[PDB]
Amino acid sequence: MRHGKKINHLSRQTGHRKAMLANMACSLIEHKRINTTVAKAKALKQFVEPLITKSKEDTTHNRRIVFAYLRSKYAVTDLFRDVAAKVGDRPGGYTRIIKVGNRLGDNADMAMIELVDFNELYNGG
Amino acid sequence: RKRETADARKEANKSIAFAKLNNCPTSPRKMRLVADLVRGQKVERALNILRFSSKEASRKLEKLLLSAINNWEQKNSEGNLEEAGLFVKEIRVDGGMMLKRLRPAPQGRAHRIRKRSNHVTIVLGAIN
Amino acid sequence: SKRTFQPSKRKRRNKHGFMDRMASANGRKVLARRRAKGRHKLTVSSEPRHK
Amino acid sequence: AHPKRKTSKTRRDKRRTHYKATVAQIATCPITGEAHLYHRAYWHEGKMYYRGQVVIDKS
Amino acid sequence: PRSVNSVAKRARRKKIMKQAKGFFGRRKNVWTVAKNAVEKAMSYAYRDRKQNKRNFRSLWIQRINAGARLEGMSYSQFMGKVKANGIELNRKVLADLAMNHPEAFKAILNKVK
RNA sequence: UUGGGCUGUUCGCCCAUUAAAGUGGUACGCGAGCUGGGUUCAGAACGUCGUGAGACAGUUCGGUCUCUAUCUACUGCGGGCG
RNA sequence: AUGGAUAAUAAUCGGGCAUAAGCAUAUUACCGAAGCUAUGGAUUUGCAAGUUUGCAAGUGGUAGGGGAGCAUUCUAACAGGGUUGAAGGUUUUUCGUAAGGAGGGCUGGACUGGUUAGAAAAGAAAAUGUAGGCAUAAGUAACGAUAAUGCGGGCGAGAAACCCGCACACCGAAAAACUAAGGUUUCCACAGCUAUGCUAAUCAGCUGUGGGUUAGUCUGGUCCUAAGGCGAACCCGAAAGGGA
RNA sequence: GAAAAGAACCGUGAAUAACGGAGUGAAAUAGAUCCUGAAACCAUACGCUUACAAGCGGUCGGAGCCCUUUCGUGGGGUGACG
């Protein structure tokens, strides 16, 4: 019974899961679009939305708070320099997820998790 | 009977267009699963099904159908291909010569492992 | 655990070598039996040495 | 436990009736005509079309 | 000299297996299962031949009884009055008449009654 | 239609309660459900018998409980057809 | 006819059910077996005609006893068949009490076989029989320490596992370095993904081609000896041989 | 295979994996797993039946429906039901 457990362990320990979620965010920040599985992308979305939300105000406290999550100054500076300037005043949902088929080794459903404000060719409708 | 006469009479394959895939290192029970989805379908619906099937037994079955289409185009040179409306008349997945290897089980005994093969045959036929 | 065969290419030759078979009177009959049967490999001394 | 009787080719054939495969949900886009999986993107020619638009232009 | 009965060894069992045609499962192709089923089939066929002669007489008697009870009679009384009248018609012909020729059956009944 | 002390115990005696602490069957129900405490494996010792090797309905310490559920029988959930 | 207690999975005239369809006596008709009879056929003894017929009595059968035969392989004589299609394999028709015989269609492409007589490696359904092949359990157990992976580029038809880079994690009196025993080319480079790798692989301790080991001072011999071995001479023992 | 005459060449395919053609032959369903090549075993097409019905799966009766026919109280296949 998991009547309310709104968190995906991703078949990993409590430390490995957070390490992977912090390692994927740096990649999604330095390259504005990465290719993952569907569940990992859906978890990365919920992990990275509040960070980009906090990044909309450059304070010495918010910088350290985001650093405590990202654990890399190279991603902290690249999130606070241009990602925050290009997001602007969006209400929410700074990322999009698009399925691109299945893999070959284990037949896993793939996804193309991307930033909304960095893709100028796709709108949705 | 005269064997040359029997062979000249049986050489009626100048009309039927078919394709064969012999000595494929895959089991027949796993390709008979994807053959049932293709049997009887149109020549393009079958291609789409084989291209988007979530089975490793379709990557080499989707090009056997293309080879069959090319053989049909070779045999019926006078005429296009989309007006005929090809389909998959018959498709059979048979067995093949299997290799035998040994796996050491616990307590000093050996079990047998048979790497199986399979033969695939496909004929197209036309609606016209 | 420790098995029964712990190889040694001198304890092998001191016990099954050609000069150990040829030294005894009844050990010299093993050579005759093997030559009569037609064994391509005689006593373990037939194994090639390291070169 | 161990089977007491060899499974007949009828009892083992009536059991392999739900062992069939499942044909995927294939759709077609009325932009480039290429077929794809429903609710999935696809690469046509150096590009990625999803819903009539272009997501990636790698040409 | 060395004598091997290889051809006739299988030609003998082909003939015994060709009459196990239509049997369920491996009783039609497997030799040691077909031979055990053909012999039992022949054992069943030897009998049921004595029973075909007494299962048809029951049907004839039932049909004669049905045809005789339409005229307010019974099979026992009808057969008694027929046998003690010098008629000598077997139950096969009597049932054929009761089924196909009710006029002839009722004529026989009125003559023996 | 109870919980404990003693015993491997069934049984039995005792302690404190309860309306009551029933008699039996189901391979003395149930080990492809569990434990191996007792009993009949190999070690050792005591009493007794046998000259001896050895034995005891005599006692004591220690001592490997194998198997991926085919059919039927159950507990649940689905597809097809009518 | 009535009362005289009953056993543990749901029960009983076999069941429906019957106030007669229960019980007692008497009568008639009918049903009822491979019993008897009617028809057809086969066979064993005994009696006659002959060279098969007629009559009489029979004809369940284990251990066991007797008599007539079939197929298979080969041989001796006479007489044959076959590339205008032999043996063999697959279907079909017909004949005989049966073992079996003969004919036709299809595959097959070189041997085969009638009559009489003879010989035997002369017939499988079972021996927890032997060898080979193939099923079932079943697409089930399992894929071999719960130290861990994520992303971006490269070759490529094809990348969760290959190469590069940035991150994460593990060992660190070790999962680090040398090397003995042992293995005896597994070492290095390039081509390959057939078999091998418990998955795929563009990768490899795998496959095929070209290379790789340099000593006056290191380890052994040319130097020495222990335990032990051999051992002229010598002492014993049928022989081989033992002691030294 | 009598003799390599052992498949030049073209197409699909990434592919000298496989196949379809084209040439050799009397034969390629004689293609190197190569003479004929059966049985177990694994599949496809066609004809008849099968989702209210309990057991050595057969035997004796018996409609209906498909092929053949010397035309039939002829043959073959499946067979509801007893």
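In the text below, chain A, chain B and the rest are named by the order of the sequence lines, each starting its count at 1.
- For E/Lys15 against G/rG100, a side-chain N or O and a base N or O form a donor-acceptor pair under 3.5 Å.
- OP1 or OP2 of G/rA125 sits under 4.0 Å from a side-chain N or O of E/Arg13.
- For E/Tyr44 and H/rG57, the shortest distance from a side-chain N or O to OP1 or OP2 is below 4.0 Å.
- Between G/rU12 and G/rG41 there is no Watson-Crick or G-U wobble pairing whose two distances both come in under 3.5 Å.
- Following rounding to the nearest Å, E/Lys50 (NZ) and H/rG61 (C1') show an atom-to-atom distance of 18 Å.
- Atom CG in A/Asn107 sits roughly 14 Å away from atom P in G/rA159 (whole-Å rounding).
- Annotation for B/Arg32 and B/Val93: closest pair NH1-O, 2.6 Å, computed over non-hydrogen atoms.
- Remark: D/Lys9 is in phosphate contact with H/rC41, judged by side-chain N or O atoms under 4.0 Å from OP1 or OP2.
- Using cut-offs of 30° and 60° on the angle between ring planes, the pair E/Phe105 and E/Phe78 is tilted.
- Proximity note for E/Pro1 (side chain, C-beta onward) versus G/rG108, G/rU73, G/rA135: the nearest is G/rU73.
- Between B/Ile122 atom CD1 and H/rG20 atom P the separation is 14 Å, expressed in whole Å.
- C/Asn26 comes within 4.0 angstrom of nothing in the nucleic acid, heavy atoms only.
- As rounded to whole Å, 14 Å separates atom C1' of G/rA167 from atom NZ of A/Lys73.
- Taken together, G/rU186 and G/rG241 fail the test for a Watson-Crick or G-U wobble pair, since the two needed distances are not both under 3.5 Å.
- Between D/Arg12 and the phosphate of H/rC42, there is a side-chain N or O to OP1/OP2 separation shorter than 4.0 Å.
- Between B/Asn22 and H/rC19 there is a side-chain polar atom (N or O) within less than 4.0 angstrom of OP1 or OP2.
- Between B/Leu21 atom CG and B/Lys60 atom NZ the span is 7.5 Å, to the nearest 0.5 Å.
- Taken together, G/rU73 and G/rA119 qualify as a Watson-Crick or G-U wobble pair under the 3.5 Å criterion applied to both distances.
- A donor and an acceptor atom, one from each side chain of A/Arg17 and A/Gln13, are nowhere located under 3.5 Å apart.
- E/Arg91 and E/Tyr75 are linked by a side-chain donor-acceptor pair at a separation below 3.5 angstrom, with hydrogens and angles left out of the test.
- Contact annotation: D/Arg11 side-chain N/O to F/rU70 OP1/OP2 distance is not under 4.0 Å.
- Taking 3.5 Å as the limit, the base of G/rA167 and the side chain of A/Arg71 contain no donor-acceptor pair of atoms between them.
- With hydrogens and angles left out, the side chain of E/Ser3 and the base of G/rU72 share a donor-acceptor pair within 3.5 Å.
- Using a 4.5 Å heavy-atom threshold, the side chains of A/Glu114 and A/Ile34 count as separate.
- Between the CG atom of D/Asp13 and the P atom of G/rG139 there is a distance of 10 Å, rounded to whole Å.
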For nucleotides 145-149 of chain G, tabulate all protein N/O to nucleotide N/O atom pairs closer than 3.5 Å, reporting atom names and distance.
unit_1: G/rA148; atom_1: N3; unit_2: A/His16; atom_2: NE2; d: 3.4
unit_1: G/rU149; atom_1: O3'; unit_2: A/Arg12; atom_2: NH2; d: 3.2
unit_1: G/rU149; atom_1: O2'; unit_2: A/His16; atom_2: NE2; d: 3.1

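- Within the structure, a side-chain polar atom (N or O) of E/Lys21 is placed less than 4.0 Å from OP1 or OP2 of H/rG77.
- Contact annotation: E/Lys53 side-chain N/O to H/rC60 OP1/OP2 distance is not under 4.0 Å.
- The distance between atom CZ of B/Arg114 and atom P of G/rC134, rounded to the nearest whole Å, is 8 Å.
- Listed pair E/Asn55 / H/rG61 fails the phosphate criterion, with no side-chain N or O lying under 4.0 Å from OP1 or OP2.
- In the interface, the side chain of B/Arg1 is paired with the base of G/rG109 through a donor and an acceptor atom under 3.5 Å apart.
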